[PDB]
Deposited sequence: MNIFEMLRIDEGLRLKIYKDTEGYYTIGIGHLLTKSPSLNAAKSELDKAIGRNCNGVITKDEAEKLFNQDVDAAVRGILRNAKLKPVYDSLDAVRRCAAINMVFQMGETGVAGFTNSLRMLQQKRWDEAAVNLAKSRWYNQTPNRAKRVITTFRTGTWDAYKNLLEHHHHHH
């Protein structure tokens, strides 16, 4: 298991524009297109992202390329963020995947997790897991949040093999 396999499980793969759990136009492996209610606005974002006139549909290769870019953008954003980088650098590789997963889903949205981040940096895993669940994130996407939290709690891939 690695971050790509983990997020592919959590996000799925759809080749036509769909709506995410918040109702926002998305495509591929969880690539947000726009928060605007305009499907035309979403289609414009898609064409700009892919570099051709897509009509709201992409190939698997294109979805995977966008996904690689999106994962990289999450990582580089963590590394540029003075709050997130020290915590990220304190984690082992499996827990770093859980961190990238959260940033991918909510963006640098993670700003409200100051207390969780402190517990993670202190390696107080059970306490961090309890704190992470006291969130809109957990209440709105509980199965995905439970998998990510279990990854932080245990440092294993058990939630994704199960």
Against the full deposited sequence, which stretches does the structure leave out?
109, 164-172
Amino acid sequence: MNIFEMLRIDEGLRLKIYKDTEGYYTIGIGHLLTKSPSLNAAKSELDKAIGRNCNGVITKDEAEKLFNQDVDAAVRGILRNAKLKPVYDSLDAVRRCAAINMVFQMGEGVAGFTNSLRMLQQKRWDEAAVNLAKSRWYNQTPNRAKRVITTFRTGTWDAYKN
From here on, numbers count along this sequence of modelled residues.
Of the other PDB entries for this protein whose models extend past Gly109 on both sides, does at least a third leave it without coordinates?
yes
Higher-B stretch (mean Cα B-factor, as the entry records it), 96-104 or 33-41
33-41
Is the mean CA B factor in the deposited entry higher across 110-118 or across 128-136?
110-118
Going by the recorded CA B-factors, say which third of the chain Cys54 sits in, lowest, middle or highest.
highest
Looking at the entry's B-factor column for C-alpha atoms only, identify whether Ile78 ranks in the lowest, middle or highest third of its chain.
highest
By the recorded C-alpha temperature factor, relative to the other modelled residues in its chain, which third is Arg153 in?
middle
By the recorded C-alpha temperature factor, relative to the other modelled residues in its chain, which third is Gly12 in?
middle
